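Chemist: Numbering (the UniProt record's numbering), first residue to last: 4 to 365.
All residues carry an ideal CB built from backbone N, CA and C; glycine is no exception.
Just passing along the structure, written as structure tokens.
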Ligand SMILES: Cc1cc2nc3c(=O)[nH]c(=O)nc-3n(C[C@H](O)[C@H](O)[C@H](O)COP(=O)(O)O)c2cc1C
Ligand SMILES: O=[N+]([O-])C1=CCCCC1
């Protein structure tokens, strides 16, 4: 077994390879998109993870696409996150913040000024996001057709990522994870299906990857490359965003470019919840030869699959999502070969302590 052995992840040393995947839970305070002490407790309970990767967190108000998702742009958000990271550190944990801009997976009612959300192109996501009703409960709503960003708006987006990383470093996070997956803004630019631009940010794969690589360079310069991770979902379809007709080649291009920056990690979300074709071993080998940081695999993993791929020298760590919702001490359970708590999906999104901080340890 290698799952319970340490791993250097950029500037941080994880004591094991069992990571907590980023999990949107939609329990922040509105107004202000403010993290809470309840969220702090939840993270503290999971501090034995080799690395906790937070719920996706807004870089800006414009970045918001879900009612109840937290931000990391305001003073009050910074102050609330500082308490949360301090609590994780008091338990000897490590925590990365996942930073997103939701782009077109959003709704005008939760945008600044009530305006249409932004994207690479003016194309509806054709999916749903989560708002809150008059009683504060999560509800699904169809996404609003976005406005295509103007060329002169792009530097501001890059700056918003940079600024949120300054704020994250201040707030006590150990690492940042850029959310370049699952059909959010960065992935909207990467995918030819969502990006129909004919300027320097669309068309060729170099142009489609331009924004994400400008963001990577800005955030490495703000902090350090060894503090930056990135999540990608570059093979298959995620929330109605496919990866185009040359998905493997285009993925390898991006990964070779990322490798040049010497970033801490590449986190590959391999499948959505409905599943699909596994990554080929050949593809995993191509990724591994091109990237010289930590590789984290995710998506309906088992401990056995993680051990197998780590043993094969293809990945370094695994991120578990749903099993971490339900098992605060997932590390101990996997180490001991104990049963896993029963999941309660009705309380994944929104609400309070129930289905959030009430899953027991062994
Ligand atoms: C409730 C819920 C919230 C999620 N939130 C995020 C998120 O904030 N960021 C992200 O990149 N993926 C998110 N995902 C995907 C998970 O990180 C993970 O990739 C997915 O659940 C598949 O892994 P699993 O089989 O271990 O659960 C979410 C998944 C679920 C079930
Ligand atoms: O950011 N994400 O990937 C998700 C957020 C909430 C819905 C599930 C996917």
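By DSSP's criteria, residue 103 is part of a beta bridge. Which residues make up the other side?
Modeler: 61
Chemist: Measuring only from the beta carbon, is residue 274 closer than 7 angstroms to any heavy atom that is part of ligand 2?
Modeler: no
Chemist: Mind the definition here: the segment 70–89 touches the segment 4–16 only if three or more C-beta pairs lie below 8 angstroms; say whether that holds.
Modeler: no
Chemist: Which term fits residue 5, buried or exposed, when burial requires 16 or more other beta carbons within 10 angstroms of its beta carbon?
Modeler: exposed
Chemist: Compare the Cα-Cα distances from residue 256 to each of 207, 276, 297 and 296 and report the closest residue.
Modeler: Of 207, 276, 297 and 296, the residue nearest in Cα terms is 207.
Chemist: With a threshold of 7 angstroms, establish whether the CB of residue 352 neighbours any heavy atom of ligand 1.
Modeler: yes
Chemist: Might you give, ordered along the chain, the residues of its own chain that have their beta carbon closer than 7 angstroms to the beta carbon of residue 289, omitting 5 neighbours on each side?
Modeler: 255
Chemist: Does the beta-carbon of residue 16 have 16 or more other beta-carbons within 10 angstroms, so that it is buried, or is it exposed?
Modeler: exposed
Chemist: Under a Cβ-count criterion, where at least 16 other Cβ atoms within 10 Å of its own Cβ denotes burial, should residue 246 be classed as buried or exposed?
Modeler: Here residue 246 is buried, its C-beta having at least 16 other C-beta atoms within 10 Å.
Chemist: Could one say the Cβ of residue 267 lies closer than 8 angstroms to chain D's Cβ atoms, at least one of them?
Modeler: The displayed structure is made up of one protein chain only, and chain D is not part of it.
Chemist: Only counting the same chain, and skipping five residues up and downstream in sequence, which positions put a Cβ closer than 7 angstroms to that of residue 132?
Modeler: Result list for residue 132: 68, 69, 108, 109, 110, 144 and 146, in chain order.
Chemist: Going by DSSP, what residue range makes up the beta strand (DSSP E) through residue 180?
Modeler: 178–183
Chemist: Where does residue 362 sit, in a helix, a strand or coil, going by DSSP?
Modeler: coil
Chemist: Can you give me the C-alpha to C-alpha distance between residue 43 and residue 20, rounded to a whole angstrom?
Modeler: 22 angstroms
Chemist: Apply the 10 Å Cβ neighbour rule to residue 38 and answer buried if 16 or more other Cβ atoms are within range, or exposed otherwise.
Modeler: When all chains shown are included, residue 38 counts as buried.
Chemist: Just checking my contact of residue 141 with residue 352 at CB under 8 angstroms: how many whole Å lie between their CB atoms?
Modeler: 5 angstroms
Chemist: Output the residue ranges of the alpha helix (DSSP H) runs that lie fully inside the segment 21–99 and measure 4 residues or longer, sorted by chain position.
Modeler: 40–48 and 78–93
Chemist: Hey, quick one: how far does the alpha helix (DSSP H) through residue 218 stretch, first residue to last?
Modeler: 213–225
Chemist: How is residue 152 classed by DSSP in three states: helix, strand or coil?
Modeler: coil
Chemist: Measuring straight from C-alpha to C-alpha, what distance separates residue 113 and residue 52?
Modeler: 33 angstroms
Chemist: Whose C-beta lies closer than 6 angstroms to the C-beta of residue 239 among residues of the same chain, with five residues either side of it excluded?
Modeler: These residues qualify, in order along the chain: 279.
Chemist: Hey, could you find the ends of the alpha helix (DSSP H) residue 290 is sitting in?
Modeler: Taken as a continuous stretch (DSSP letters only), the alpha helix (DSSP H) holding residue 290 covers 284–293.
Chemist: Does DSSP put residue 238 in a helix, a strand or coil?
Modeler: Coil at residue 238, not helix or strand.
Chemist: So, helix, strand or coil for residue 196, using DSSP?
Modeler: In the structure shown, residue 196 sits in coil (DSSP, three-state: anything other than H, G, I, E or B).
Chemist: Mind checking residue 198: buried by the 16 CB within 10 Å criterion, or exposed?
Modeler: buried
Chemist: Keeping to the same chain, check which residues put their C-beta closer than 7 angstroms to that of residue 169; ignore five residues upstream and five downstream.
Modeler: So the qualifying residues of the chain are 225.
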